[PDB]
């Protein structure tokens, strides 16, 4: 009836037994913080303990180092720094020695390394860590777990610490990340850890994306990963393409034409909602980037000089293959649920609106054919899609250029307000609402 014992009771179904174990652990953090942490790290560090215990130990440690409330988190980070340097040097030592000794997933240690580091790195307090983390991944003998859990830690560190505090280590890290991502890596799990790590390290690899030698390698590595048979790795890989596109638009010429287009397009068509979700996000991101450019460009028009960066109108160039997919995606309607849920359908529509405000006028002639063919369809889905799509293109094409179209639509737009389907009725309403509003 020790600590391992109290920890395991933190998952016991018995309500009384839980609040019990919980109270114990709370005072322990209050009246015995330094010791408590060294003990928990000792539990976590021992591969002889239950997954139940280790994970619990890890959760307690991580809980005394961070919170989602910036204020609380600040308070915890300070409390930790105020702890004896030798106690901390021991917790750090154990937490670290854990990496590569866990059989369960994810790693419960990486969450602790990321916890302590977020408090200690911004103060040059654990200057050894990164070198250690990088060596763990790049050692030619490192186990399949050594790389995976280390990459998860590197990943969490990048995710929660100011990227401003890693640019001076950006090359070391990136090497370790790209290392667990290259196809030669046997494990997709390591490949998965590596890919989510990269996703949070883009913020400070700007110096690396600038060197064409390296940007071509990163991009190839990411691309080969959108082809991974493990859906998770794919989605993670597509997630990078989406962020790379908003953080490095100016360098996408080389790949966009011969690679991205194909990948993202197919992704949008995937049967797997999470993958389709990424494809869409990617082209919404493009419209966004391209819209701010149209501004930055127009602003330089007044100042009679050229803008810093120029748009390449990738969005307008894909209008041909995007529109049909987006409209088709609006067919994947949610009969039953959450008008709060983010499914491909919700995505597509928001995307379309973006595509509209982007390829302003040239959006209508591509959307109409779908609206026409379906506005009067037996399937409530297609009937709603048509009414939906019409509601999306409303804001983009010239206010004047639209009015005539609104002329011929208005009739049917009203009928639908009396359509059986509550969904269609709701949609029709929204659409008609936008009309009366915008174009007086």
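Positions refer to the first chain, counted from 1.
If you average the C-alpha B-factors over 45-53 and over 394-402, the higher value belongs to 394-402.
Between the stretches 333-341 and 137-145, it is 333-341 that shows the larger average CA temperature factor. In the PDB entry, the Cα temperature factor peaks, among 155, 180, 279, 306, at 306.
Highest C-alpha temperature factor among 102, 302, 290, 185 per the entry: 302. Residue 214: CA B factor lies in the middle third for its chain, per the PDB record.
Residue-level temperature factors show residue 194 in the lowest third of its chain, judged at the C-alpha atom. The deposited CA B-factor of residue 33 belongs to the lowest third of values across its chain. Per-chain ranking of the deposited C-alpha B factor places residue 358 in the highest third.
Among the modelled residues of its chain, residue 325 has a C-alpha B-factor that falls in the middle third, as given in the PDB entry.
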